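For reference, the structure is listed below as C-alpha cells.
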Amino acid sequence: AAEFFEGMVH
Amino acid sequence: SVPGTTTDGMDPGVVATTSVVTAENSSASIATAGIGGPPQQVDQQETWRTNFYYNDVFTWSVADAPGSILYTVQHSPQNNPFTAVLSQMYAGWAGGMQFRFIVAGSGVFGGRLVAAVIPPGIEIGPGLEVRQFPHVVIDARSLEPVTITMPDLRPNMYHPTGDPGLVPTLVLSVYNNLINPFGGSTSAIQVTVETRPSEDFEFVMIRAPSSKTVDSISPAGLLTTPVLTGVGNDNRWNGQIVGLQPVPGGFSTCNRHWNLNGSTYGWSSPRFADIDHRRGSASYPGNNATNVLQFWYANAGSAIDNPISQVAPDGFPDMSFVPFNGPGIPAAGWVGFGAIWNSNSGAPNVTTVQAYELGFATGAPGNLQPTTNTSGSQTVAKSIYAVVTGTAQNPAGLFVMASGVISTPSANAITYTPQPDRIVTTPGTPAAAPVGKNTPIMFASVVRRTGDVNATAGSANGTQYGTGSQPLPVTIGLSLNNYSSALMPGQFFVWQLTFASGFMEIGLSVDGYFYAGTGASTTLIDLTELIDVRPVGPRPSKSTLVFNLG
Amino acid sequence: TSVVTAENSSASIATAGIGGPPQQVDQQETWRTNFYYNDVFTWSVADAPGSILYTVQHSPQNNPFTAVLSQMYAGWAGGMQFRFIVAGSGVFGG
C-alpha cells in the first residue's frame, strides 16, 4: 500500500 | 522427514507461479481497497483462514483430446464455505484465492495437464487455447499437491456484494493424452480441488444483516434437499415431484413460469386457486335436456380479472383442447370439477355439476380443433360426463377448481400427458434448446386418472405421470427477487445431486429452464434414493454436466 | 523529436498497475514516433454553423499499429494524439 502512494508521489 | 504419501491440512505442497502474480498488483489492490476503510477479518491465526477445504472433484479419462476443458471456476467468495457466511455482514470484498490440486494416480501412467488464469473480458468455452497463455504443466505421476494462486484483476476499486463486476477465471485443460501402458478397462483417474483465502483477502464496510438478504444475492438456497425429496410440488399439476423426465427434442412453457429477471410471460400467479370467469356464451347441443353434454366458451383477450394479463383467466391450463363428442372419453385431457354459474348475482346452477375439460380451441361454434398460439384463439369448456339440463344464457360464467386429473379412456395408464407438441404458448416466449450434450428436463409427478381414481405409484395397472417445467418453491422464489447480476447469458447455475450409488448435475439457465447432460436418452430418473443437494455456481453453458449413476 | 505526454499521465500509470507491469513501452520504437493515416471526411458548402462533421471515440482501433498489437493483449490505458490536414485552396474561407 505504501509503495503505491510512494510511486505516485515520486 | 515426513514422506509425500501423507499431506497435512495446512500444507500447500509445491507453489506453481504464473506471470499474472506480480507485486504491483498486490500493492495497487490493497492501496485502492483502502477507500472502504480498514480491512476486516484479517487475523492470520484463525482456523478458517489457515486450512484448505473441499471444493470439487473431476475425472480425466484417456479419450480426452488435447485442448479439452476439464474444470473451470469463476472468482468469487462463494467458492469457500466460510467466506460465504462472512459476506452476509459486509458490503464489499477484495483479494485473491489459492487452489490446491491433488492427482490420484500411480507411477505407471503417462500424460500431462495445463493450467492458466484468464483475464476478464474473454469468453470461456470450447476453442479457448490455454497453451498460448502463461501456463503451468502438471504431470499425472505427481505425489505432492500443487497450488496456484488466482489474483484479483478487476477494473473497480472493490467488489460490491450484490454486484461484483468483472472477475478472472481459472481453467484447467489437457496437455497430452492420458496413457495406460497395460491397456484394458482401467482408464480414468480423479483430481480433487480445495480452496483457501490468500494473504490479502479482506472485507471493508459493515452493514446490518437485515439489509439485502442471502436470498437476493444468489439463487443457491432456492433448490434444497427437501424440495426434491418430499415437500416440493410441480407448477402445473400441484403434485408430488417423484422423478425427472428428459425431453431430447425441446419445449417452451409460458404459463406460471418465471425467468431470472423477476418477470413472467404467462397469465397465472404462482399459486393454485379457483378459475373464475364471466361473460361467456353457454350452449348445449341437441334438443333433449336430460343427460346432455354442456358447452361453454369465451374469447381470448377479454377476461378483465388479472392485473398480469388478459389472455386467459387465472389458473387456466396451458394445454390445447382435444376435440371429442359422443360417448367417448378423450385421451390426455385436463379435466376438473366445476359448474356454470349465473352472472347477474353469482348464484351457481346446482344441477350442472360435472367434470369439465378445459383447453384452447380455434372455432368453438364450428368445427373443433386444437391450437397453440394464443392470438386468435379462445378458451373452451366441455363436460366429459352427462349432466342435467343446460343454460343458454349469453353472459354466463364458469367456475372450476384449482387442481385437475388426467382424462383417460381405459383403466390403463399412458405416457406423460403434457407432451411438447401441444403446449399453449403466448407469442414472445423463448424455447429451450439442447446445448451440446445437455438437454432440457421436466419434473414428473404422480397424477391420478379419471378411469381409475384408486391408482397410485407402483400399481399393477401402470403409473400415470404429469410433468411441469419448474418446481413450485423455485418459481415462488423467482417472483420475489431479482437475479440479473448472477448469471451471464451463456451460463448455467449448477447443483450437484448425490444418490446412494451415483451422482448427477443439473443446471439452470437465465430463461428459467432446467437441464441435464444425458444426450438422447428418454428414460425417467428415479429420484427416490436421493441424499444431498449442494450448490456449485456459474459454469459455461457449453460444458457437459456429469451424469453417472454408478 | 519531441513526444507529448498527457496532463493526467502520472495517475494513469499508477492505477493501471492492477493489470501488472506495462507492456510495449519503449519510446524509441518506430511504430510509436510517427503519424499514420486514420480516416477522411467531407466539409461541404451546405453545412450550417454548429453542425457535427466528425466524431470518434477513444479506442485502440484509431491507429493501424495499435489495432494489430491489440490482438494479443487483454487491456489498454493511455492517451492518443490526433492531426488534421485540409486539402483546401487559397480562395476558400471558413
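Residue numbering restarts at 1 for every chain, and letters A, B, ... go by the order of the sequence lines.
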| query | Taking the six-membered ring of B/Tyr356 as reference, does the NZ or CZ atom of B/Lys382 fall below 6.0 Å from its centre and within a 45° cone about the axis? | reply | no

| query | Does the B/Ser343 side chain pair with the main chain of B/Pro395, one donor and one acceptor, at a distance under 3.5 Å? | reply | yes

| query | Are B/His257 and B/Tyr513 near enough that their ring centres are under 6.0 Å apart? | reply | yes

| request: Any chance you could lay out the side-chain hydrogen bond (donor to acceptor under 3.5 Å, both in side chains) test for B/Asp234 and B/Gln470, step after step, and finish with the verdict? | output: CA-CA 6 Å; B/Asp234 69 352; B/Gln470 322 181 289; over 6 Å; no

| query | Which pair of heavy atoms, one from B/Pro540 and one from B/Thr72, lies closest together, and at what distance? | reply | CD-OG1, 3.4 Å

| Between B/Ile384 and B/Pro330, which heavy-atom pair has the shortest distance, and what is it? | CG2-CD, 4.5 Å

| message | Measuring centre to centre across the rings, with the benzene-like ring taken for any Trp, is B/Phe547 within less than 6.0 Å of B/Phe503? | response | no

| request: Using atom types as modelled and distance alone, determine if a side-chain donor or acceptor of B/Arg207 lies under 3.5 Å from a backbone N or O of B/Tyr90. | output: yes

| query | What are the two closest heavy atoms between B/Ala208 and B/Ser211, and how far apart are they? | reply | O-OG, 2.9 Å

| message | Within the 3.5 Å criterion, strictly below it, is a donor on B/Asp314 or B/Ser269 matched to an acceptor on the partner's side chain? | response | yes

| Do B/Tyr284 and B/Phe295 have ring centres separated by under 6.0 Å? | no

| Within-4.5 Å side-chain heavy-atom neighbours: B/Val231 and B/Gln240 | no

| field | B/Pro226 backbone acceptor or donor facing B/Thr229 side chain under 3.5 Å | value | no

| said: Between B/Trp93 and B/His75 (judged by ring centroids, cut-off 6.0 Å), do the two rings come close enough to count as a pair? | reply: yes

| field | side chain to side chain contact (heavy atoms under 4.5 Å, CB included) between B/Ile217 and B/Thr161, worked out | value | CA-CA 8 Å; B/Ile217 292 177; B/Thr161 305; 3.8 Å; yes

| request: Examine distances only and state if a side-chain atom of B/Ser87 and a backbone atom of B/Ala84 form a donor-acceptor pair shorter than 3.5 Å. | output: yes

| query | Do the side chain of B/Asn342 and the main chain of B/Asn349 share a donor and acceptor less than 3.5 angstrom apart? | reply | no

| Quick one: side-chain hydrogen bond (donor to acceptor under 3.5 Å, both in side chains) pairs with a partner in residues 477-498 of chain B, sequence neighbours left out? | B/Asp56-B/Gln496, B/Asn261-B/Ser484, B/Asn481-B/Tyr483, B/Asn482-B/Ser484, B/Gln496-B/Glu505, B/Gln496-B/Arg534

| task | Count the heavy atoms of every other residue, nucleotide or ligand shown that sit under 6.0 Å from CG of B/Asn548, and state whether that count exceeds 12. | result | yes

| request: Can you tell me which residue pairs pass the salt bridge (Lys or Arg N to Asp or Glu O under 4.0 Å) test with a partner in residues 540-550 of chain B, sequence neighbours excluded? | output: none

| message | Are the side chains of B/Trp341 and B/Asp276 in contact, using a 4.5 Å heavy-atom criterion? | response | yes

| field | Nearest heavy atoms of B/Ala396 and B/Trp296, plus distance in Å | value | O-NE1, 3.0 Å

| query | Would you say the side chain of B/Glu357 lies within less than 4.5 Å of the side chain of B/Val322, judging by non-hydrogen atoms? | reply | yes

| query | Got a second to check how far B/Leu472's CG is from B/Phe443's CZ, nearest 0.5 Å? | reply | 12.0 Å

| Hey, are B/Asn288 and B/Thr290 close enough side-chain-wise for a donor-acceptor pair under 3.5 Å? | yes

| message | To the nearest 0.5 Å, what is the distance between OG on B/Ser407 and CZ on B/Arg449? | response | 12.5 Å

| Over 12 non-hydrogen atoms of neighbours within 6.0 angstrom of OH in B/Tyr53 | yes

| Given B/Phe360, which of B/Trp334, B/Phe321, B/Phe316 fulfils the ring pair (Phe, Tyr, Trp, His ring centres under 6.0 Å) condition? | B/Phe316

| Quick check: does any side chain N or O of B/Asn156 sit under 3.5 Å from a backbone N or O of B/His159, one acting as donor and the other as acceptor? | no

| said: For the residue pair B/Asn438 / B/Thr544, report whether a side-chain donor-acceptor contact shorter than 3.5 Å exists. | reply: no

| request: Look at B/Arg236 together with B/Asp318 and state whether they make a salt bridge at an N to O cut-off of under 4.0 Å. | output: yes

| message | Quick check for you: to the nearest 0.5 Å, what is the distance between B/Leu530 atom CG and B/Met504 atom CE? | response | 10.0 Å

| Any side-chain heavy-atom pair of B/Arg539 and B/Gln74 under 4.5 Å | no

| query | Under 4.5 Å between any side-chain heavy atoms of B/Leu358 and B/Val380, yes or no? | reply | no

| task | Output, in order, the C-alpha distance, side-chain angles, deciding distance and verdict of side chain to side chain contact (heavy atoms under 4.5 Å, CB included) for B/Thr169 and B/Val73. | result | CA-CA 6 Å; B/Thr169 304; B/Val73 61; over 6 Å; no

| field | Nearest heavy-atom neighbours spanning B/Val474 and B/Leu222 | value | CG2-O, 3.9 Å

| message | Counting only heavy atoms from other residues, nucleotides and ligands, does the tally under 6.0 Å from CD of B/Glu123 exceed 12? | response | no

| said: For a quick check under 3.5 Å, do B/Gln378 and B/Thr362 share a side-chain donor-acceptor pair by atom type? | reply: no

| query | Donor-acceptor pair, B/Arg422 side chain versus B/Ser320 backbone, under 3.5 Å? | reply | yes

| message | Less than 4.5 Å apart, side chain to side chain, heavy atoms only: is that true for B/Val424 and B/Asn255? | response | no

| message | With a 3.5 Å distance limit and no angle check, can you tell me whether B/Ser509 reaches the backbone of B/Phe514 through a side-chain donor-acceptor pair? | response | no

| remark: Tightest non-hydrogen contact, residues B/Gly451 and B/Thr408, listed as N-OG1, 3.6 Å

| query | Taking side chain as C-beta onward, heavy atoms only, is B/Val536 less than 4.5 Å from B/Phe492? | reply | no

| query | Are the side chains of B/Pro246 and B/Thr522 in touch, meaning some heavy atoms are under 4.5 Å apart? | reply | no

| field | Counterpart residues, ring pair (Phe, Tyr, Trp, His ring centres under 6.0 Å), relative to B/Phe272 (two or more places apart) | value | none

| said: Let's go through B/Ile531 and B/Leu497 carefully: what are the C-alpha distance in whole Å and the side-chain angles of both, what is the deciding distance for side chain to side chain contact (heavy atoms under 4.5 Å, CB included) to 0.1 Å, and is it a yes or a no? | reply: CA-CA 8 Å; B/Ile531 294 169; B/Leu497 326 173; over 6 Å; no

| Side-chain donor/acceptor of B/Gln464 to backbone N/O of B/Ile414, under 3.5 Å | yes

| said: Within this structure, what is the CD1-CG distance for the pair B/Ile506 and B/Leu223, rounded to the nearest 0.5 Å? | reply: 5.0 Å

| request: Answer with yes or no whether the side chains of B/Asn461 and B/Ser459 bring together a donor and an acceptor at under 3.5 Å. | output: no

| Roughly how far, to the nearest 0.5 Å, is CG of B/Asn233 from CD1 of B/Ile476? | 9.5 Å

| said: Before we go on, tell me: are the rings of B/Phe58 and B/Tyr71 under 6.0 Å apart, centre to centre? | reply: yes

| Would a distance-only check, ignoring hydrogens and angles, find a side-chain to backbone donor-acceptor pair under 3.5 Å from B/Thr83 to B/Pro77? | yes

| task | Test side chain to side chain contact (heavy atoms under 4.5 Å, CB included) on B/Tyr515 and B/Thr439 and set out the steps. | result | CA-CA 5 Å; B/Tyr515 286 84; B/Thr439 167; 5.7 Å; no

| message | Distance check, rounded to the nearest 0.5 Å: B/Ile423 atom CD1 versus B/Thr253 atom OG1? | response | 4.0 Å

